[PDB]
């Protein structure tokens, strides 16, 4: 691309040790569910207030290399008139943009999906770049079952990610490739390992067929864990299976892997990331975080209303930011 050098610089930067990505890219719908989750009306006034609370948290932006925004938020102003994107860039945080248009179910499968949003994506990306966005997000969802994920599901999601990745790079956004394997079910960690290995290898083959510049991409995978209905397992076990799965599939050329939290609690996500960064083994990428819920849940709770609870919630948000920052360095302690 004409953006090759800037894609490569920004993707490397996202992976800076001690930093990760906040996912604040919840739709008007999803952020509603979260806003109701603590008895708050889903009005733009409140959507604005929640995101502003996060971004004006005293020690927080230094812990973040990136923030994923929803379209609305990319053009939104803080209360003092400052555009959020300026607020982010002042602190050295790259603004990112969710570009996928949700999932739809594949006929002839058992509730497996493919992700939409290729239509007019190049012109959207260009407009987002002009607005200050420098990376993009697109989520593919795959499930684990008797015959899942199917060859059709894998293929659709891999090549859908690969085509999205190309359009992103043509328009100056570093694509986060996010093939999330859902944790839901009763499978063991070994099964999650095999499936994760299969999916990533299909994804990197797809990315190669599409001539994607790997040094200008990011990966946002699931950690390798037992299913949501299976026994929890220690961080050192998650670490060992996750890192081995990535060693088997993700080229060195990729600069950074920013884990999604999935089912995990705030503390579990942090402890799991931390253990991966304590593992003495070849890891030719930054292992960092791209958390929404695992970074925000305690902050939403403390907040609820406003005023006295802003300062206490900003304290709570800083705790999680600083903990995950520590986790990227293998230096988190309880």
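Residue numbers count along the first chain shown, from 1.
Judged by mean Cα B factor in the deposited record, 22-30 ranks above the other of 272-280 and 22-30. When the two stretches 211-219 and 90-98 are set side by side, the higher mean Cα temperature factor goes to 90-98.
For the set 286, 65, 290, 56, the maximum C-alpha B-factor listed in the entry falls on 56. Across the options 146, 189, 121, 245, the residue with the most elevated CA B-factor in the record is 146. Remark: residue 129 belongs to the middle third of its chain, ranked by C-alpha B-factor as recorded. Sort the chain's modelled residues by C-alpha temperature factor and residue 257 lands in the lowest third, per the entry. The entry lists a Cα temperature factor for residue 77 that places it in the highest third of the chain's modelled residues. Residue 83: CA B factor in the highest third of modelled residues in this chain (values from the PDB entry). For residue 179, the recorded CA temperature factor ranks within the lowest third of the chain's modelled residues.
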